[PDB]
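*Asks:* Based on what follows, work out the 3D shape:
(chains A and B, ligands or ions: 1)
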Amino acid sequence: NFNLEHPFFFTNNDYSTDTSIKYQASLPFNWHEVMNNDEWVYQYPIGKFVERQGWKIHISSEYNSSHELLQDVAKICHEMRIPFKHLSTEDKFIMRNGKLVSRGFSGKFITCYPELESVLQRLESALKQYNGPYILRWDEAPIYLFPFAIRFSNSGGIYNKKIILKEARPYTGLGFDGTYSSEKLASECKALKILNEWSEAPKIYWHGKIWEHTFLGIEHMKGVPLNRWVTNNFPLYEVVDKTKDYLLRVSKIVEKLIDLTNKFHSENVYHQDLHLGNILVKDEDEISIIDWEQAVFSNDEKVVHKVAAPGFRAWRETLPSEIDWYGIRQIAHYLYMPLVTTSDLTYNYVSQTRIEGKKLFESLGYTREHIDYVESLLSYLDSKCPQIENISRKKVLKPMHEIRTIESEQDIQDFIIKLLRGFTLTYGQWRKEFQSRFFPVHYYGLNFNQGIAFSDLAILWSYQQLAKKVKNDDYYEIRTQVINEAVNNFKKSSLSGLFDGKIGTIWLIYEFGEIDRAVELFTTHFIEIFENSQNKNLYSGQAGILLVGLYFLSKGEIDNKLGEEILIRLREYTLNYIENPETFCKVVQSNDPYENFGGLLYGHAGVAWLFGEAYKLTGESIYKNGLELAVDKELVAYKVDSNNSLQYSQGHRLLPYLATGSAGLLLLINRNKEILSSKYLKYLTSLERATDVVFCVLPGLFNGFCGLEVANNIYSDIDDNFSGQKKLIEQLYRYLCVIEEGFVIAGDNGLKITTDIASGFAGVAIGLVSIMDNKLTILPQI
Amino acid sequence: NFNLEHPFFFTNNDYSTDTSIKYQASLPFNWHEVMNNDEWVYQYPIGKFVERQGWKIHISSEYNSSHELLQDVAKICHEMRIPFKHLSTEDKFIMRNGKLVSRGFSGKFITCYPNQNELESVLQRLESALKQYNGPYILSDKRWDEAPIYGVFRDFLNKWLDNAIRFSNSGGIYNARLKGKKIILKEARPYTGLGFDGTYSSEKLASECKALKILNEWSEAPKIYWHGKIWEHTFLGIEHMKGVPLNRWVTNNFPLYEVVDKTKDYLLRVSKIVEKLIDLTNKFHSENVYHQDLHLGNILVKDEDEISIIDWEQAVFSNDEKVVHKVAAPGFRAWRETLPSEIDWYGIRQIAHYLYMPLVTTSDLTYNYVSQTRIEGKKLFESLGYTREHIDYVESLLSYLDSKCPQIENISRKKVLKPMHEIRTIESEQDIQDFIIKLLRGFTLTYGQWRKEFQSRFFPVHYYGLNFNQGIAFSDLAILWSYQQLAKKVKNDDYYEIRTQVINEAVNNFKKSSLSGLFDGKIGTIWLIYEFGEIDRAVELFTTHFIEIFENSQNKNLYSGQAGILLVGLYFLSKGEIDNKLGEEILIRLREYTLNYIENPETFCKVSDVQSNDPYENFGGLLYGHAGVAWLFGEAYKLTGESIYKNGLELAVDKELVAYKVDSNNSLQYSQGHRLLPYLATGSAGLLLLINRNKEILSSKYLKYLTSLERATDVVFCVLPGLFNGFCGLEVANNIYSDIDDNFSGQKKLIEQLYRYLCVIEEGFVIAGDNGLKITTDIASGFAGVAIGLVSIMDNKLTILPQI
Ligand SMILES: Nc1nc2c(ncn2[C@@H]2O[C@H](COP(=O)(O)OP(=O)(O)OP(=O)(O)O)[C@@H](O)[C@H]2O)c(=O)[nH]1
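*Replies:* Numbers count the residues shown, from 1 in each chain, chains lettered A, B, ... in the order given. Below you will find the coordinate block:
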């Protein structure tokens, strides 16, 4: 809920400052100027009888000369009573009258509240030389009370030969540099009427300024976005290619764009906005460019990039020929692998995702004669854009240049050592600036403190479990601080569950150490965690609380009374299961946890873990009956793929991986070999053809490739571990940054560094344990 | 302690934030950056063991070409092996080379850590790019070579091995003689001393070489005798002359009593000081000389009224632009963009307004503030009655200074505060009480604007005790208690929640207190619970903590020592609610206390030679010395009737009267360095607070001193408005123990003399504090001081010490 940008981490909305030019009134006594909202300077005067403050009057302003409106408005206040209040700084002026705010809070810069004669001529006589930012009638001045809808805005809009409608009402859409939308409509009116020879660019029709509104209407071009072409045409599955002839299809895009980009550099026009929402590929691979809103008609000036898409912003000032060659660089690298999203934080990002590409095509098997071609075309693009310096302290995130293969277990020995150091590093850059949480985390879980999730001590348990999995600073003092902090705030939290709730930290007060303190905490608090109805899912609900309770019962340290009625609670809960499966979970796309409604962790297959867990230590028939329904009703939402596979279908997106995909059910079948019949054990063949893809963008255990490999290489009845680790290691090298002697992992929507079990350091640290230790140690098995 | 400026209150070194133009170089493929302690950024190779203790390299820079040296030694030291660190913001470059930061941290912008086998190698190609740069002089560091290159981390370099009144980082404001004729010097050193409109010391110092040469011939200006360059260090010499500063001259020649000076004739004396200034400030504002800085420590009045303005080291030589005032004075600075000729009408104007009623100090916090020190000077000299014919002359001649001044539009957030413009005279009852009706708004309106922008405390305080949140003194519990007793005096807000979080963390942080004492320690927080309206918590905390509090206490005075502990002990015994066996024990503890006291009082409190305003640098006084012991013995003689305890009163007042001197007015006054102190807590009001009402015990030997102190505590004007160090105690102490009923002289003189101290904020009468660039609500100089002193005459005993 709290989106803000900081160099490295995310932070909640308490970090930003207001270092701007302030506004100032110079008014006499019997008026207050006391601030109360940090927006206005709030004034109710002295010696009053204040009215009920009904219908209000309003005055608006423009950025061109508003050091002269306020001073003339302030000299009206010497005569008569008025609630005079203006805005604080120019930053609130830009935000109030600019890009994305509502229509109600736009145009307001100075305030009068109507008791009076409702008219005064000397304010009308010192003004009406200023007119602009109208708000959508009693007098003159600024007072505001045809030759023929995909993105609404208060500034303008885009509305559906059929023609599109690009418009801009006057004096709006102010940026940090003072330019407007109608100031760039004329920029398109120059920049596309200067070149009408080409067929890959529309025709300008300014039809009329009805009222006074700047319009620019261009016809609908034909083509597809290049992202959809990549995800519909990249060799994800290994046989979808038409016996090669795709890296030659790359040569159409990597020749047409180069042969077109040098020809508008001879017309003194530079487009300066080059991302993947502009290049539209027609049928029979014809290209088309759009959105010429940022065209500067100069070469010797230097502009730092202001508005772009995520991925392709320039770095610390360059000549504007380079702000169109940088796009042709990082889009011709985009076709090779789809990995450019991190490049807003990491500069010169495409070296490691271009080195591994030749290794990818030689492993899949392509002819070298076709391959040695695009590697020279990309080498030609290094001549145009020069090396620039990395400033603004996003500069430590350094991509690797050398990558070596895997030949022994010592590769896994040093991988863990170079992964654990990048947890001390990302703590040492978080503790020095903030103190609300204690470890950095992905932005949606930015205020959570409990359970196996976006957390504070689950990541510390993941830190020590792999550190004990490997052999040989300040673990114990931070250990003592977080253990005391957890037990201090164990109350006053209003959520219950295993991954997010209260009994999760009961599990890690057991497993983290401190065996006794866990059992008086359990005997004190388990019943008032339990009894209060609520939900049923393993992420947050009664199955999460109950299963770690039976883990405690089967461990062997419990009194007889608790071992009686806790087993009575699970005997009750499985009988309340009986026939109705829609109670716990549902039988659109996102990457945040709470709006998902299916999978292993968020869905039906979590209850299957409990039903398979109870059968050992019980051995009775009803817990066998519940298990196969719990596996079968998870597979309702699976559709047969194009080539003999099964995936989770949520919207247009296709879902691999552990949390909400085929991998969790594959792992759950792979564990329970003995109780499952031959009809359900034969589904390994279809799911193994699903969980072996060559590319999946997210790196985490809860999201992406680590969940794909930890489902395959875990049980298998075979003690082979080296081939179980080698594939995940060699195909997780393309998702890593390098900070000092160590690695970090950027989370989903990657512009960050994170530590969590929901796509960060700790997720791969659990998965690499679960490869060799064969338990999946963050899910209760006993 | 902890002082920092802010538009209104003071605060500690937290509210500073930062804004500057930043820094920082590149890093190709083998490096890392860390944010160490918010004034360095640090780059080092990814894994290398280097060296301990051997050698490092410090690089300074210059403010004009600062960035162009970072990208000159970034890439010349990325090659080979050099790890380094440097400063992060420009405003810390203003501080590291500056004027207030000492010698130890100076000339340091970039710090480098080469390895021991490369010390010749790391600089031989690093220096060659730097030959067109230069920087500050070498302090707290060593010399290596030309260009800006010159400890612990976690070789070839062996070869190269009259008086002073101010010390600063600029170089000195020293005083010497020619190789004679007496010379006042200034000094500077390379590229040092900057502001936020940063210009160097050798720029402002050379910006008077024309201003003292244009005038030169005149008889009231310095004459430059020597000027030149012995080194790059700049020596400017102007001739020393005799005289007295005007701020000392005002206190030397003002009527402080009605009987100080005969012949009358003081408004005729201030005629030659307000004509010579006004024609002098037109004589040199024609030949292009504009002196921006003018204050009371500048004009040296000579024998028989002769002004001698010096130190013209802020001179601007043309007036066709509007500038802001850059360096201020304690009380005098311009306001919002005026020409350099009209920074001598908000200049020399307010200097000659110090000759009438000497309070101009809070003009930095209140715009204008000569209305109150001009309106209520005419009243003073009509009540004192020198001559009426001089009054209109001086008023018109000051109005001409007002006439030449421009009316600047007032704009800041230091502009809520106007000076007050109407003053009544009280004779009736309701005119006394209306000041109480709106002085309470001066306590309410200073509460919001401290808590809403800073949350580390609860109430604004004077900066001497800022992190001392316990006691009767600078505190939190005593402040809200002083409010309640004054509010009960007037007839007819939500202070119940306020007092419950006062009571809660009055005792929550009781354990985390390293000091014990009556006014600033543990036991004061105990018995404010008893006098604030809770009777049982006082007893429980009293037993359970006060027994170890009396165990661990060390000192024997009554501020922070043993005396007030057993004093409030006998207070609790006299009211006698819960004590019994503990009361018998406390009486026993008093028995070994007094008999150990009676042997030699010299080694419990010292029987003052330091000029200070600090609570912990005092030796003699009522609270701060021996009269508190006589308060305890005076009360111990009352309850029991025991005849041993009368012998302590005579010994205490015999020891306290050896310090006071006799002067031309035959006034017995406190001696503290060179300063006479008629005040409640550190002087002559203390013994008058003690001696009377103990006149039913003592008969003849200690009632002949009452009339001398009664006459000696009758000053007309003193500057501080406080209880323990200000005026308000002097109108309490003079009639506090009156055996004849008298209230109008106790509530009319004090509220006629405390009209000259008040700002407005908004419909309020807010008091300022010690060194009053601030509004404070504390008990020494603030809201609680006047809230206790007015109640004191009304309830006729006292409300700072517990009565037995
Ligand atoms: N007795 C005497 N003292 C002088 C004379 N000329 C200058 N001074 C000294 O100069 C000092 C001026 O002090 P300030 O008002 O602080 O000015 P400053 O020395 O430039 O220091 P700043 O506050 O930074 O401006 C006085 O304290 C005097 O001691 C003189 O002719 N006679």
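
*Asks:* Tell me if residue A:419 really is in a helix.
*Replies:* Yes - using DSSP: H, G, I helix; E, B strand; the rest coil, the assignment for residue A:419 is a helix.

*Asks:* first to last residue in stretch A:739-754, what's the distance?
*Replies:* 13 Å (Cα to Cα, to the nearest Å).

*Asks:* Only alpha carbons, please: show stretch A:692-705 as CSV.
*Replies:* The C-alpha trace of stretch A:692-705 is given here as CSV (Å, rounded to 0.1, in the frame of the first residue of the first chain):
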residue,chain,number,x,y,z
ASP,A,692,11.4,-28.0,-16.9
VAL,A,693,11.2,-24.7,-18.8
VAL,A,694,14.3,-22.7,-19.7
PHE,A,695,13.0,-19.2,-18.7
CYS,A,696,10.9,-17.8,-15.9
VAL,A,697,11.3,-14.2,-14.9
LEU,A,698,11.0,-14.1,-11.1
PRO,A,699,13.7,-15.7,-9.0
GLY,A,700,12.0,-16.5,-5.7
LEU,A,701,10.8,-19.7,-4.1
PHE,A,702,7.3,-18.3,-3.8
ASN,A,703,7.6,-16.9,-7.3
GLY,A,704,9.6,-18.5,-10.1
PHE,A,705,12.5,-20.8,-10.9
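
*Asks:* And that stretch, what's buried?
*Replies:* For stretch A:692-705, burial by neighbour count (16 or more other Cβ atoms under 10 Å in any protein chain shown) applies to A:693, A:696, A:698, A:699, A:700, A:701, A:702, A:703, A:704, A:705. Heads up, the C-betas are built off the backbone N, CA and C, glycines and all.

*Asks:* got the contact list for it?
*Replies:* A:234-238, A:337-339, A:341, A:360, A:364, A:591, A:601, A:656-659, A:706-708, A:710, A:712, A:728, A:731-732, A:735, A:745-748, A:756-760, A:763-764, A:766-767 (Cβ atoms under 8 Å, 6 or more residues apart in numbering or on different chains).

*Asks:* sorry, back to before: which two among the buried residues of stretch A:692-705 are spaced furthest apart?
*Replies:* Across these, the longest distance by Cβ to Cβ is 17.4 Å; it joins A:693 and A:702.

*Asks:* what about the strands in the stretch 251-400 of chain A?
*Replies:* With strands called from DSSP state E, counting those that start in this stretch, the stretch 251-400 of chain A shows them at A:280-281.

*Asks:* Residue of it closest to the ligand, please.
*Replies:* Going by Cβ to the nearest ligand atom, the ligand is nearest to residue A:393 of the stretch 251-400 of chain A, at 37.6 Å.

*Asks:* ok, that residue - contacts?
*Replies:* A:7, B:24, B:33.

*Asks:* returning to that earlier point: PyMOL command for the buried members of the contacts of stretch A:692-705?
*Replies:* Selection of buried members from those for PyMOL, criterion 16+ other Cβ under 10 Å:
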select buried, chain A and resi 234+235+237+337+339+341+360+591+601+656+657+658+659+706+707+708+710+712+728+731+732+735+745+746+747+748+756+757+758+759+760+763+764+766+767
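
*Asks:* List the ones among the contacts of stretch A:692-705 that fall in strands.
*Replies:* residue A:745 (DSSP state E).

*Asks:* buried sites along stretch A:435-447?
*Replies:* Buried residues in stretch A:435-447, defined by neighbour count with 16+ other Cβ under 10 Å: A:437, A:438, A:439, A:440, A:441, A:442, A:443, A:444, A:445, A:446.

*Asks:* thought the first one was touching residue A:447?
*Replies:* Yes - contact between residue A:437 and residue A:447 holds when scored by Cβ atoms under 8 Å: they sit 7.2 Å apart.

*Asks:* Neighbours of residue A:273, how many?
*Replies:* Look at residue A:273: counted by other Cβ atoms under 10 Å in any protein chain shown, it has 23 neighbours.

*Asks:* whoops, I mixed them up, residue A:560
*Replies:* Residue A:560: 6 neighbours (other Cβ under 10 Å).

*Asks:* Around chain B, which positions in the stretch 401-550 of chain A sit nearby?
*Replies:* A:401, A:428, A:429, A:432, A:433 (Cβ under 8 Å from any Cβ of the partner chain).
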